[PDB]
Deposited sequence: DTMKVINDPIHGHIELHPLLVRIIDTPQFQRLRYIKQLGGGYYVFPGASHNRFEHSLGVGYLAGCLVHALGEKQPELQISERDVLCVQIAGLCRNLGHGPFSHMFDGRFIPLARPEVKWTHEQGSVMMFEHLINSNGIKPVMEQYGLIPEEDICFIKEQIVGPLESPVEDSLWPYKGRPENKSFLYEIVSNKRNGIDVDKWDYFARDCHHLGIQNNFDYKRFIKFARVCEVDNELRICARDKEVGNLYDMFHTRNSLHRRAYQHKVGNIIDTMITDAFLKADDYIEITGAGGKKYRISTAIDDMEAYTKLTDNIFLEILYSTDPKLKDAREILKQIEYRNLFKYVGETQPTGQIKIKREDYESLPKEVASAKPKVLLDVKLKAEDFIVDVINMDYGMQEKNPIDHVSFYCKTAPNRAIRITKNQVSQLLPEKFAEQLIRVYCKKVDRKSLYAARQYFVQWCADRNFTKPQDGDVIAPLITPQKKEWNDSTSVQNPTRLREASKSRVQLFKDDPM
């Protein structure tokens, strides 16, 4: 084996170490070729055909770029080839646990199918990695290239999921703390995963990326902070970091939480729920699993991809009729209809335990308007989206360390007020989207009256088109006009 070159449209010609090639050329990794990065987003942005596979290559490549750059600027860090490979592998492998349609699976489907369980793609990534290594005889190959499986496998997993439980990490000591900031940055979210997806998603979406990660890499240094060696950014680059998060939020607003992309994810989730009892996936020793239980056996999970969607759509089994009909409505574009969007007011905040009760509230609103049809709870979908800068109410730039050019080894902190008054005063918010499952003209007219009445009753913000869609409702509320 010698090193391979891959041509990526985002990053150009990437060199892959033979050990990485060996990890990549497994069923567990190749699986990511059949999982769309953006799930239902492809049904709205037709350029978004890209899959988790190529994103993972890019994350692995950027992880290598950063660790290499730091080692070249600061030989005193003693970054070894072994460290580089471990960081690259963690980069490559942090998406292994994604399910069909990526975030739809762990964001919508598992929560509803297995409410008692707490599962994340991160957990899944660790499990799949363990399975990948064991199933494919990778430990010997790691040894051949100077890695120490006991320590290094632990390191890799900690990079992905954090401490598997003071310095809480075992795979590397505090002297190498900065290595944990590269692939999945638990402190402030600034990691090479974002950098690849910003660039790649934009390339495919037809939206232009505002963040320059190569510049950031050039200005990054390691400095001592509170007895840890941490990655620090040049002080004057602080604006670029606020911009990075602004970019992320804009991508969510325009693409990842697109009102129609979300309703398609919701419809697909509904079909999966209705198919769950009848689709069988063979795991370890020939034992059969369901869509919702494949997460318990990585052999089965390996075979759980976007292909599930087509298996359902092309099924003839009468058991799968209801699931198959939902997917067919997607193909004819007979989708649940968007009614509108609103936000809570003041401090008001909506908890996950209350999500299920919301369609019922909308249906209970009693607008003083003439209605041909009366709508029930089950006719309404209410999608609640938490938007933030990756840390709920917290400002992630308050968790970033900087250095100045006159003292490159001395870490400092920068407050929001030292940067600009034009920055946000809050860093988290909720959006509520309401959809109606009844798509005819009269139902939709009615749904609009309920929705706007409910906004008024709850003292939510005025929907943007409120006066046009519900002119008889909006005048009752002084604050709106």
Could you list the ranges of the deposited sequence that have no C-alpha atoms in the model? 166-171, 488-514
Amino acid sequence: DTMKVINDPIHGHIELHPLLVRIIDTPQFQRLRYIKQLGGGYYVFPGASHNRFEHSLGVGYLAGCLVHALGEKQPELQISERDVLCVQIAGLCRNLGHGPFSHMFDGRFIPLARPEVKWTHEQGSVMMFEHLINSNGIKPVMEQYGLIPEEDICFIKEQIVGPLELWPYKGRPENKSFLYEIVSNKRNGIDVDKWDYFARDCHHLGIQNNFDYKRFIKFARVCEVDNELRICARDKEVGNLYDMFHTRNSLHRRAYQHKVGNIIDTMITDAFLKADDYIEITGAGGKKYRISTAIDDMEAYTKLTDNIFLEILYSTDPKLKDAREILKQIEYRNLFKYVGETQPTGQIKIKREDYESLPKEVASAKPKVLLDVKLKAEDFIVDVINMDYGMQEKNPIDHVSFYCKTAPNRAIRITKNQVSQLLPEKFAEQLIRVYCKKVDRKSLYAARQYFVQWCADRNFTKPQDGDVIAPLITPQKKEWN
From here on, numbers count along this sequence of modelled residues.
Higher-B stretch (mean Cα B-factor, as the entry records it), 25-33 or 410-418: 410-418
Once average C-alpha B-factors are taken from the entry for 350-358 and 199-207, the winner is 350-358
Per the deposited entry, the peak Cα B-factor within the set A470, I14, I10, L19 goes to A470
When the CA B-factors of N249, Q343, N136, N95 are compared as recorded in the entry, which is the largest? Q343
Taking only the Cα B-factors deposited for this chain, tell me whether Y289 sits in the lowest, middle or highest third. middle
Against its chain's modelled residues, does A90's Cα B factor rank lowest, middle or highest third? lowest
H131 by Cα B-factor - lowest, middle or highest third of the modelled chain: lowest
Report the third (lowest, middle or highest) to which the CA temperature factor of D306 belongs, ranking only the modelled residues of the same chain. middle
Among the modelled residues of its chain, does the C-alpha B-factor of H103 lie in the lowest, middle or highest third? lowest
